[PDB]
Amino acid sequence: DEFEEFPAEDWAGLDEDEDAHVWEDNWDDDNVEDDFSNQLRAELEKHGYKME
Amino acid sequence: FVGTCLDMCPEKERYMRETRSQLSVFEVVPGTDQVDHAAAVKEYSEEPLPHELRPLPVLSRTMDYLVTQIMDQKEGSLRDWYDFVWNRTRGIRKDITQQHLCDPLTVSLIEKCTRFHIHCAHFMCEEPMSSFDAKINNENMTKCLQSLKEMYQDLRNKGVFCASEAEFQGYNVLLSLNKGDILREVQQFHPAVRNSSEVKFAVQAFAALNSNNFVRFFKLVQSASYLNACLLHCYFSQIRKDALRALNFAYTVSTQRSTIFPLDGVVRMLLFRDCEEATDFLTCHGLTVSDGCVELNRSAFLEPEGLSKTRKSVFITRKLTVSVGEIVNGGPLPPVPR
Amino acid sequence: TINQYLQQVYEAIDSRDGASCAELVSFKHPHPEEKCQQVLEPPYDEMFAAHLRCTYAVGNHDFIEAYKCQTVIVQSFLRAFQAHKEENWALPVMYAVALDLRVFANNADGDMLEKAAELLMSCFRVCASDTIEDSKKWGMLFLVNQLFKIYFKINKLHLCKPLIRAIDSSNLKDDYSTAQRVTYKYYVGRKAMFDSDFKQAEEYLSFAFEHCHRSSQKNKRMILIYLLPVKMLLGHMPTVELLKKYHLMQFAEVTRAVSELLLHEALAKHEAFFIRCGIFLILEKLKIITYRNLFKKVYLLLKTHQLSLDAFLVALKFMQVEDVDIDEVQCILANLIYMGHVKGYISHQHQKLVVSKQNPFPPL
């Protein structure tokens with residue numbers, strides 16, 4: 001796992017490429033209806049502590 | 001060059017000790033003057049000729065006589081006991097350091113000396129400045145653990161294992177928690193060493209430090225052995241400050257109210273001896289512990305400085321049912337060496 | 001065939017050429033002291049005689065003699081390069097003497113790697129001294145990229161601090177060769193992921209990820225392997241498309257487990273992968289942000305301002321994490337309060353956490 005050196009010493013600004021939208025913040029939202037959250041919907045509502 | 005020394009004692013240096021009057025009061029004949037020819041074991045002050053250096057079986061018999069009788073007696077003052085045994089164990093370490101002969105029995109001579117250093121890292125903490133000097137003790141301990149770390153690599157590449165290999169690697173991890181480089185070290189252990197019982201205990205202690213999980217630290221220190229518990233006495237002034245800072249921050253409304261925090265829970269999470277140590281510990285920091293419960297206020301809390309002297313934490317010396325001699329040996333003792 | 005080599009090293013000195021290094025001295029082409037000492041001056045020709053004797057040593061595969069060769073090569077070229085009086089034209093020759101004593105310096109099996117480290121530090125302490133055109137410090141960034149690469153494999157990087165601060169304070173910091181500019185703050189981002197400096201690693205190695213050549217398709221992957229948990233601890237997690245395109249699918253379910261124990265199962269299903277690259281203990285520190293996301297899943301499921309601690313106790317009790325009780329759940333929440341992830345205060349008299357209502361807890 002050694003960082004091998006580059007074939008070219010110099011390159012222009014258009015030589016590199018990216019995927020534009022990678023590191024996004026859309027996950028901090030209010031989606032409750034995911035399946036894993038349904039599974040906890042058993043366990044928090046099996047101990048008699050239930051709320052909407 | 002190997003030696004042919006066949007004596008417990010120096011053969012010449014006891015006479016120079018007797019003339020120049022630099023004796024140790026623990027090992028003399030009763031009635032001063034004469035040196036004890038039975039026990040006047042080597043002082044540390046190229047190494048020439050086959051005196052002043054001993055081969056491995058004589059030196060092993062020296063370590064056996066050191067562990068069976070010398071560390072058990074409480075005769076004399078407590079000033080020179082640590083100096084006597086520390087100087088002689090450092091003399092043994094200097095002896096086999098430049099002798100350049102290695103064996104699994106030689107590793108046990110490192111093991112008993114570093115167990116003595118772990119035991120004296122807590123027991124002699126109440127000694128006043130000139131007698132103990134804990135800085136040079138913590139300095140001396142890390143050379144032993146570094147030499148043991150580099151020593152275990154050599155026999156592993158040779159192709160022989162040891163039963164006591166995975167034990168002190170846990171103590172190597174418990175030595176350096178404030179240095180974050182050591183995680184790279186725990187990516188470089190052997191898989192059988194890494195998947196053992198006590199290295200994963202050390203991972204739990206390192207996770208208890210950096211996540212500041214003080215509940216799974218003092219509850220973790222009660223589930224360990226004696227030496228593992230008394231090595232963690234250096235971090236008690238760090239954990240109990242990094243834990244109470246969050247607990248004097250997370251209970252207030254802005255900066256100006258008081259959260260009445262009751263007693264017998266602070267001694268339950270933070271491992272104190274009793275109420276008497278806890279009130280003295282929280283009075284000096286700047287908050288109020290008087291009357292019924294512990295006060296909490298943001299503005300009336302400041303960082304400490306100056307004298308930060310420690311005590312013996314009581315709970316870690318409760319797990320010392322066997323005596324002082326058999327801890328650094330491990331299990332039983334060989335009886336009557338002569 | 002020797003006379004052509006003597007002619008091209010004579011024209012190397014006479015015409016002050018920089019391509020003559022790639023012509024003779026470099027180990028990229030097809031490759032007796034008394035003859036050169038007859039024809040040339042001693043600091044300029046001991047290079048060539050040593051080079052003949054250690055190409056002979058490599059030609060029958062002896063590495064210790066070639067190691068002593070390249071020690072003599074770097075020392076004699078250091079003495080002849082101080083015997084230059086401020087010119088730039090030996091700086092191409094500076095390139096092929098340090099890189100070739102990295103792969104021959106690694107292969108002598110450690111202490112030989114520390115020996116190569118100190119004798120190459122002796123090269124840097126003479127190279128970084130003297131001096132806007134005639135400056136002998138243009139290859140210095142080439143030199144400092146090697147001193148990370150020796151120091152990382154030996155695992156004795158206890159103090160690298162004055163070696164970094166000397167070149168961090170520099171007038172020419174934004175102008176070098178851009179191939180060596182990528183290879184520097186990659187290692188600075190390594191030293192910044194370690195000992196808890198995660199923002200510096202993110203900026204200095206996101207600069208590397210935004211750049212670099214697309215021809216070598218191993219550098220971009222090796223950046224990602226060591227890039228991803230920096231931005232998982234910072235918060236801004238990858239998408240599915242980059243992991244699909246670059247075939248890096250081990251972290252992806254982990255990026256599910258951070259999003260909503262599933263984390264321990266996902267870590268232990270590929271337990272032998274993060275040990276090899278040295279990621280595994282860094283990845284355990286995401287317990288705080290996964291507990292904060294579990295706090296989000298509790299807060300959106302029950303919808304009030306004051307929540308009782310027994311529900312979070314049950315939610316930790318499903319996880320099969322050992323020795324979790326009522327005092328442990330009360331501790332992590334105060335750590336979330338102090339570091340600033342979760343606003344509010346832990347009431348002890350009612351055992352209920354009152355949270356703020358305008359913003360519940362800040363985003364990242």
# chains A, B, ... in the order shown; residues from 1 in each chain; ligands from 1

$ interface_residues --of "chain C" --to "chain B" --cutoff "7 Å" --atoms "only C-alpha atoms" --output "ChimeraX atom specification"
/C:194-195,275,278,281,327-328,331-332,334-335,337-338,345-347

$ interface_residues --of "chain C" --to "chain A" --cutoff "6 Å" --atoms "only C-alpha atoms" --output "list in words"
residues 178, 179, 211, 212, 213, 236, 237, 238, 239 and 302 of chain C

$ residues_around --residues "range 119-124 of chain B" --least-positions-apart "5" --cutoff "7 Å" --atoms "only C-alpha atoms" --output "PyMOL selection string"
chain B and resi 132+227+230+233

$ write_last_selection --atoms "N, CA and C atoms" --output "compact mmCIF listing (two decimals), in the first residue's frame"
# COMPACT_ATOMS: atom_id res chain seq x y z
N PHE B 132 11.11 9.35 46.58
CA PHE B 132 10.58 8.56 45.47
C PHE B 132 10.93 9.15 44.11
N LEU B 227 -2.20 -5.31 39.09
CA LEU B 227 -1.21 -4.46 38.44
C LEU B 227 -1.85 -3.55 37.40
N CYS B 230 -3.40 -0.62 39.40
CA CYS B 230 -2.50 0.37 39.97
C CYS B 230 -1.66 1.08 38.91
N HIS B 233 -3.56 4.48 38.10
CA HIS B 233 -3.58 5.54 39.10
C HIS B 233 -3.01 6.85 38.58

$ residues_around --residues "range 78-92 of chain C" --least-positions-apart "2" --cutoff "6 Å" --atoms "only C-alpha atoms" --output "list in words"
residues 18, 43, 74, 75, 76, 94, 95 and 134 of chain C

$ select_by_dssp --residues "chain A" --states "alpha helix (DSSP H)" --output "JSON list (two decimals) with N, CA and C atoms, in the first residue's frame"
[["chain", "number", "residue", "atom", "x", "y", "z"],
["A", 35, "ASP", "N", -37.69, 1.14, 7.21],
["A", 35, "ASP", "CA", -38.04, -0.16, 7.78],
["A", 35, "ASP", "C", -37.39, -0.44, 9.14],
["A", 36, "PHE", "N", -36.12, -0.05, 9.31],
["A", 36, "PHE", "CA", -35.40, -0.25, 10.58],
["A", 36, "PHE", "C", -36.07, 0.51, 11.71],
["A", 37, "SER", "N", -36.50, 1.75, 11.45],
["A", 37, "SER", "CA", -37.30, 2.54, 12.37],
["A", 37, "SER", "C", -38.68, 1.94, 12.63],
["A", 38, "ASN", "N", -39.20, 1.11, 11.73],
["A", 38, "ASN", "CA", -40.39, 0.34, 12.05],
["A", 38, "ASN", "C", -40.12, -0.76, 13.07],
["A", 39, "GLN", "N", -38.92, -1.35, 13.03],
["A", 39, "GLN", "CA", -38.56, -2.43, 13.94],
["A", 39, "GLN", "C", -38.47, -1.92, 15.37],
["A", 40, "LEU", "N", -37.86, -0.75, 15.56],
["A", 40, "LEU", "CA", -37.87, -0.07, 16.85],
["A", 40, "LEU", "C", -39.27, 0.38, 17.24],
["A", 41, "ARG", "N", -40.16, 0.57, 16.25],
["A", 41, "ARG", "CA", -41.57, 0.82, 16.52],
["A", 41, "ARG", "C", -42.27, -0.35, 17.21],
["A", 42, "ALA", "N", -41.71, -1.56, 17.16],
["A", 42, "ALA", "CA", -42.18, -2.58, 18.09],
["A", 42, "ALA", "C", -41.68, -2.28, 19.50],
["A", 43, "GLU", "N", -40.37, -2.08, 19.66],
["A", 43, "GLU", "CA", -39.72, -2.23, 20.96],
["A", 43, "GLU", "C", -40.00, -1.06, 21.88]]

$ closest_residue --among "C:158, C:153, C:256, C:297" --to "residue 113 in chain C" --atoms "only C-alpha atoms"
C:153

$ residues_around --residues "range 34-36 of chain C" --least-positions-apart "2" --cutoff "9 Å" --atoms "only C-alpha atoms" --output "list in words"
residues 6, 32, 38, 39, 40, 41, 42, 45, 46, 48 and 49 of chain C

$ residues_around --residues "range 9-24 of chain B" --least-positions-apart "3" --cutoff "6 Å" --atoms "only C-alpha atoms" --output "number ranges by chain"
B: 27, 40-42

$ atom_distance --atom1 "CA of residue 32 in chain B" --atom2 "CA of residue 76 in chain B"
14.3 Å
